[PDB]
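Only one structure is covered here, and it is reproduced in the block below.
Protein chains: 6
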Amino acid sequence: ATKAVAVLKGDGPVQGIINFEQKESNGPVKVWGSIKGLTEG
Amino acid sequence: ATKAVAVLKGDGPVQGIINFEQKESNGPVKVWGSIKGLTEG
Amino acid sequence: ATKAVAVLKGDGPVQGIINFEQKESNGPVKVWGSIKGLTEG
Amino acid sequence: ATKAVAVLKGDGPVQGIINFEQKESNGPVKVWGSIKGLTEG
Amino acid sequence: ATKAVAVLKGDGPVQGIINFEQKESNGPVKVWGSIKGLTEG
Amino acid sequence: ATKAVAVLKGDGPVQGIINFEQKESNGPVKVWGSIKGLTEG
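Which chain is which? The protein sequence lines are C, B, A, F, E and D, in order. Here the first sequence is numbered in the authors' numbering, starting from 1 and rising by one per residue. Here the second sequence is numbered in the authors' numbering, starting from 1 and rising by one per residue. Here the third sequence is numbered in the authors' numbering, starting from 1 and rising by one per residue. Here the fourth sequence is numbered in the authors' numbering, starting from 1 and rising by one per residue. Here the fifth sequence is numbered in the authors' numbering, starting from 1 and rising by one per residue. Here the sixth sequence is numbered in the authors' numbering, starting from 1 and rising by one per residue.
Right, here's the structure in full:
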């Protein structure tokens with residue numbers, strides 16, 4: 001019925017939820033993402 | 001009925017939940033992600 | 001009925017839950033992820 | 001700051017909530033009231 | 001800060017919650033009240 | 001800070017919660033009240 005595919009090919013960090021499928025519920029989902037630094041290529 | 005696939009090919013750290021499938025529940029899910037540093041390629 | 005596949009090919013650390021399938025429950029799931037350092041490639 | 005007074009002087013049945021003071025929450029409050037019969041004075 | 005007073009002087013049955021003060025929570029409160037009969041005065 | 005007073009002077013049965021003060025919680029409180037009979041005065 002439902003499908004979810006996530007693909008990432010990057011050096012960047014992942015912050016948060018992936019393929020979140022909250023359904024028929026009751027809740028204030030909160031996602032907090034902080035990153036304080038430097039990245040290079 | 002439902003499927004979930006997650007693929008990542010990156011040096012970056014993973015922060016959070018992957019393939020979270022909360023269903024028919026009651027809860028304030030909270031995700032906190034912090035990273036203070038530097039990455040290279 | 002439901003499937004969940006998670007694949008990662010990265011040097012980055014994993015922080016959090018993987019393939020979390022909370023269902024028909026009642027609970028404020030909380031995920032805290034902190035990392036203070038540097039990574040290289 | 002806030003006050004609530006409820007007074008009833010009737011033979012009729014009470015069905016539901018009295019002085020409900022839900023505050024700063026998150027929930028679909030549902031009240032169902034059914035009565036199938038006869039009353040007299 | 002907050003007060004709640006409930007007074008009833010009736011032969012009728014009480015069905016439900018009285019002085020319910022849910023606060024800063026997360027929950028689908030449900031009240032079901034059924035009465036199938038006859039009352040007299 | 002908060003007060004709750006409940007007074008009833010009726011022959012009717014009490015069905016449910018009285019002076020319920022759920023606070024800073026997470027739960028789907030459910031109240032079910034059924035009465036199938038007859039009362040007199």
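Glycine is no exception: its CB is placed at the ideal position from the N, C-alpha and C atoms.
For the pair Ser25/B and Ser34/E, the Cα-to-Cα distance works out to about 27 Å.
In this structure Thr2/E is in contact with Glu21/F, their Cβ atoms being roughly 7 Å apart against a cut-off of 8 Å. Distance from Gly37/B to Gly37/C at the Cβ level is roughly 5 Å; contact confirmed, criterion being Cβ atoms closer than 8 Å.
8 Å or more divides the Cβ of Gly27/E from the Cβ of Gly16/D. Under the criterion of beta carbons closer than 8 Å, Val31/D and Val5/E do not qualify as touching, at roughly 21 Å. Beta-bridge partners of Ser34/D (DSSP): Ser34/E. Per DSSP, the continuous beta strand (DSSP E) segment holding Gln15/F begins and ends at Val14 to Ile18. Following the DSSP letters along the chain, one finds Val5/C inside the beta strand (DSSP E) bounded by residues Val5 to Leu8. In the DSSP assignment, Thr39/D forms no beta bridge with any residue. Between the C-alpha atoms of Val29/C and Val29/B there is a straight-line separation of about 5 Å.
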